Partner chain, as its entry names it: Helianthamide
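First, one chain by itself: the form solved without the partner chain, in structure tokens.
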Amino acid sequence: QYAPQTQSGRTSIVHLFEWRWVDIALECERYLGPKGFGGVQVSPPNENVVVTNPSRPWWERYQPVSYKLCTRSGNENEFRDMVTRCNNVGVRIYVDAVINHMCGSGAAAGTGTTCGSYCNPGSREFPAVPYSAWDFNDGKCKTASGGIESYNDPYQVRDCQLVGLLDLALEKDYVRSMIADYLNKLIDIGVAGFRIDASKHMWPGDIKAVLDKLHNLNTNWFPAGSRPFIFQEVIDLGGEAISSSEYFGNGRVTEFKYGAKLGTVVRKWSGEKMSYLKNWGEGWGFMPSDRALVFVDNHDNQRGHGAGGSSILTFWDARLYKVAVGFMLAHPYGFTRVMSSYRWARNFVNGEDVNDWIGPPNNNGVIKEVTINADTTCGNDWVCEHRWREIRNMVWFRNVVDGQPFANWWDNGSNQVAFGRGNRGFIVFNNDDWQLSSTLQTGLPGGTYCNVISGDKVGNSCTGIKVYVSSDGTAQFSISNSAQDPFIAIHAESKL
């Protein structure tokens, strides 16, 4: 369960947030596979309720009505095609499993669902599963409102309704089994693992009970006896009743402290300095590296009011965002997930984006296709951070230095730092309001290396900055505080 099951050498996964299956299939073949991405985290593939007010929000997909593979991203055939084609090019697929709850208890009875299935949330009836009133925690929750009134009581958090969503009685083997059957269908299709949604709202034991029933991965692509990779979304910034560690036995856990703290450091808030990152990782109170799934932002907190709040860096702050992502991908801590978003009309009212509900690019509810431009950029308002050179090259960097230890750290005592990964890679950052010009020990063999942030190595040449490394491993780094990308990274494979 802690092993990502990615093709050997691939070290990251991308969240192709709200993309259509057909588009992900193409992306695997044309980009992800060739570019060395380990896998893709897809949006919930199971049927959901249709929210017409607001008009088709991204969050309606976290309100299930059945387990039919039928959504705005596509149908089961399209899903199967995508999983096969991606596996075939060495790119794994991880499903976002929404198993803690069904739709909102206030939703009206009807068939306004992504697949036309009928449901009556008021009577707790989900005929397409099927689930009935006795499959929900209504009776367990001891809250007056039936909702989570206090996050300091682990019972409310687990047995009560999260923002009014119908809470499944996961202690029940019938419920555990319906869920297992769903996941098992996915595994058999060829899925490599799952993001367990809202883990904090389920008992660690109920999750384990469900995971025990899981099949081994499909031997068409995986070695026999392979267990699916599990990463649970548990938001724990410390000082809370429920802790991430309670979930360590089920698989990896999302480390939200990571993105919140790095955001604060790179933005230079609260007196934070990059030189403080010398002992980044467990040294900062983070979970063990072999249990962590890390990221700079996720689909929820990139919208401003998630774990980390305003300190979270997103594509909207491109320049600092790339520095943060670059730092993450170079550092040996945790297993990395890169975000790929779509842009929307932000509208702040008293410091709150009133348009954070906005769904993916669409034509009257129908999701737009992902178009690729000649410069490799995406059209239709898909941001495609995974396609930015600075990001794609750092994804590659991580693959290249994989397994090499953290070495040769250097800092100017303020916001200029540098470190390497054994003798395979080196990266330097200048986040100070002044010029960086120093000769540093890189740990790499002498030669001329292409900086993969400003350019690429094309044949026997570089399209950007070249760094000459002497035989003794030292090299001079000159980075202006006005540089578009205030950091340089070189590695074994960018050497001419």
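Residue numbers count along the first chain shown, from 1.
Missing here is the form solved in complex with the partner chain; even so, the following discussion is about that form.
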Is residue 407 close to the partner chain in the deposited bound form, meaning a heavy atom pair under 4.5 Å apart or at it?
no
Taking the partner chain as it sits in the deposited bound form, is residue 67 in contact with it (heavy atom to heavy atom, 4.5 Å or less)?
no
Mark residue 76 yes when one of its heavy atoms lies within 4.5 Å of a heavy atom of the partner chain in the deposited bound form, and no otherwise.
no
So in the deposited bound form, is the partner chain close enough to residue 98 to count as touching (4.5 Å, heavy atoms)?
yes
Quick check on this chain: which one of 214, 109, 162, 115 has a heavy atom within 4.5 Å of the partner chain in the deposited bound form?
162
Please pick, from 148, 378, 175, 418, the one residue with any non-hydrogen atom lying within 4.5 angstroms of the partner chain in the deposited bound form.
148
Of 440-448, 56-64, 458-466, 425-433, which is the one stretch near the partner chain in the deposited bound form, taking non-hydrogen atoms within 4.5 angstroms as near?
56-64
Where, within 266-289, is there a heavy atom within 4.5 Å of the partner chain in the deposited bound form? Residue list please.
269
